[PDB]
Structure formats: C-alpha cells, structure tokens
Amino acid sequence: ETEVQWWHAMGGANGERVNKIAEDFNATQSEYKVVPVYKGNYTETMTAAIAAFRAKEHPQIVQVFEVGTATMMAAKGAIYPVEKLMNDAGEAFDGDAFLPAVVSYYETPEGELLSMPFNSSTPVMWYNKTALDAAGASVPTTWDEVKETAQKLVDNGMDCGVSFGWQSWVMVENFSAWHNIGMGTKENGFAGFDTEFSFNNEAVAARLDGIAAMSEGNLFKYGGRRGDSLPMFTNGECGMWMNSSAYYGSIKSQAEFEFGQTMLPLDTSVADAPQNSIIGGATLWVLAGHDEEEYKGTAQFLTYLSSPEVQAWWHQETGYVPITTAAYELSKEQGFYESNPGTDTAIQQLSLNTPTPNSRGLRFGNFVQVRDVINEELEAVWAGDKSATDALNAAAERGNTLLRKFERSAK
C-alpha cells in the first residue's frame, strides 16, 4: 500500500474523529493508507509542515487554519492546487457545492479553490442552561444582557459569569464582522497586500474595556488562549462561554449539565442589528514534491471527504458546520437539528445577512504572527497593565510591521 500522510491539528474528541475517518477510508479499499499525524495546535502544525519541506519529510496533506491562508496562497511552488490534483487523478471537484461563505472566504481572486474545505466553524455563545435556570437568568442576545446574566450567575454562587476562547478570533475578528466594522484596509486584506489594520478603534476598545471591568466580582475570568478555557465551561465554572461551534463534540461528552448555544451577543452601543459572523477552522492543503501514486491516494481520500454523508457525520460529531449545502440538507432530513437543538446556529450565523467587505472574512499575510501579537495585547488588558485603547494601538502597530514584511516578500 501507498501511504498518504495527513498532518493535522485536531486534538481531543475531534482528533479521535479524524482517526475514525482515515481508518474508514482505509477499510474501503486496499491500495492507499491514510496516516493521520497530530502535530500540535494549528500554529505548530503549519510550522511543522513548512519546516519539513526542505528535508523532503513533509506530508501529502496538511491542515492549515484559516489564519494561514494568505501565507499558503503566496507559497507557490510548495502546494499542489486541489483542482489540478483532482483533475490529474480523475476525481471530481465542484467548488460550487461548498457553502457560499466558504467559497468566498477561500477562493483566489480568480475564483479557484487551492485547498480542500473540511472543518469550517464560527464562534457561538455556549451556555449552561441548568445554571441560568437556577440563577433566574435568561439566554442573552445583547452585551448588556451578557453582563446582567453574568451578575445573576455569580450572585447565585457560580465561580464566574462569562469567558471566551480564541479571543482574537472571537472578540476582535468576529466582533468586527458581527458589527460591520473593518478589521483592516483593502477589504480586510482581500483587495491588496498594501493593507493595514483598523481594529484599533473605539468600538472594539470600549467592549474590551467593558469586559476587563467585569473581572472585578468575577463576572468575567480570562482562561487562556485557544481552547485552554474549555474546562472552565464543561466543569460548570463559567455559565457563558464564547468559542468555536466545533467544541460541540467535547461539550456534549464532558458537560454534566444541560447546555445550549446561541448567536453571538450584539453590542447595542455599536449597532442596532448584527451583520454576520465569519469563518474559523481550517482547510486541507496538498503539498508539492511527491509521486503520482501518493497524489492518486491523496485525491481518492479527498473524494471520500467530499461525500455528503462524511461531511454530515463530521459536522454532527464535532460542531464544524456542514461544509456543503448537501451535507446540511442531509443532516436536516435525518432530524439532526430537531434532535439536537441549536446545532444549526453556526451555519445560520455565517449567512445571517448579505455580506459586506467587512463581513467576508480576513486575508492577511503573516497573520499567524499577528494572532500572537493580538493575544499578547489582550492579555495586557485582562491583567490591568494596559487600557484597551493602548493595547489595540500597540497590536495594530506591531501587526502592521508584520503586514509590511509580508508585502516586501510577496513580490
């Protein structure tokens, strides 16, 4: 058998599902063996795959988070564009089948998808319904309601009211799209490499300052980057938790309480109605430099991932959105949204209203490094070391240096 190495960043429950998908494909035919290899968080996984390319130890497939897309698109010669791979191997590829938001987010300026969609998400407001009920609180729709609900929870003895993971993705990137404000110039990077950051504005700053002020009295508690704060929610310590829809699998298995999810809170001091939320998660890039049989097996595995049944199973088990309309329709016909209330929140929120350039998503080179900058500066806010105005100004300044570095090399 010819092995197809797939380096990915799926840990915990979702990682076990990756291994089930690969092995199911391996059991259906006798020519190709997909070998999934966990390489760490998204940054570690992308870094590892790129570093391996010199020693020719790089995988056939690498999962690269949405953040890394501009960098991967500029890495011409390192990637095998998926449409060319599929045609070369004799496998179908129909980009139009993917959700419109996925297509608009990932397509090149000429309308081509270079990578294979797989795990797309958006942030939702997770909540402990048991704790809300005991506190006499309601599911919030606005930021004022988030604070009031947090107060009721803590008054009723909850350790803390609200927290969030992936804080830049949630409280800067998605917060901006949800309120139709720009994240950077040149249409959040889609219109040019000469972009600069625009999130250092009064709307974002005032919200971050408001959250920091909730630390007193434990209405808010910071619980770290990425998914580090997950056990705060599943242990029943915080009653509200904003993070990826893709925590559904972990939450369903680890939470001893009744849980729900709803759309992100609206900051009514910024807007009277929400816009839409934006993509998170990753896509699958095929790397150059391998042989024909390795690519044939890669293409056949991508076909296995393209089926509505596999896409629906992945969505149902993880909380990543159904990546195609067909997978959504299959899940609906199976009664999944009736039997599991709220699992259609993420797909609805991505397409809530006709998008604007501010709500398409983001495309910034070196955004892997900018993500660290933004997390560092937000941590300075939670620690009381900087105001949000100063922290965001520093994040935009440091981020702009990274954008200029990318622009200089992308020519």
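In case it trips you up, residue 1 is the first one in the sequence shown, and so on.
> For the stretches 165-173 and 205-213, which has the higher mean C-alpha B-factor as given in the deposited record?
Replying inline: Taking the mean C-alpha B-factor of 165-173 and of 205-213, the larger value falls to 205-213.
> Which has higher Cα B-factors on average according to the PDB entry: 22-30 or 58-66?
Replying inline: Here the higher of the two C-alpha B-factor means belongs to 22-30.
> Considering only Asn188, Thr71, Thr268, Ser245, which residue's Cα atom bears the greatest B-factor as recorded?
Replying inline: Out of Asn188, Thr71, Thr268, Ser245, the record gives the largest C-alpha B-factor to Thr268.
> Between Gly184, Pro117, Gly111, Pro322, where does the Cα B-factor run highest in the record?
Replying inline: Among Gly184, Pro117, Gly111, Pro322, the highest C-alpha B-factor in the entry belongs to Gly111.
> With respect to C-alpha B-factor, does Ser138 fall in the lowest, middle or highest third of the chain as deposited?
Replying inline: For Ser138, whose C-alpha B-factor we compare with every modelled residue in the chain, the answer is the highest third.
>> Quick check for you: using the entry's CA B-factors within this chain, is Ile347 in the lowest, middle or highest third?
In response: As the PDB entry reports it, the C-alpha B-factor of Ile347 lands in the middle third of its chain.
>> Please place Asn218 in the lowest, middle or highest third of its chain according to the CA B-factor in the PDB entry.
In response: Highest third of the chain for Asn218's C-alpha B-factor.
> Looking at the C-alpha B-factor of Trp126, is it in the lowest, middle or highest third of its chain?
Replying inline: Lowest third - that is where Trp126 ends up once the chain's C-alpha B-factors are sorted.
>> Using the temperature factors of the C-alpha atoms in this entry, rank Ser104 within its chain: lowest, middle or highest third.
In response: According to the entry, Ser104 has a C-alpha B-factor in the chain's highest third.
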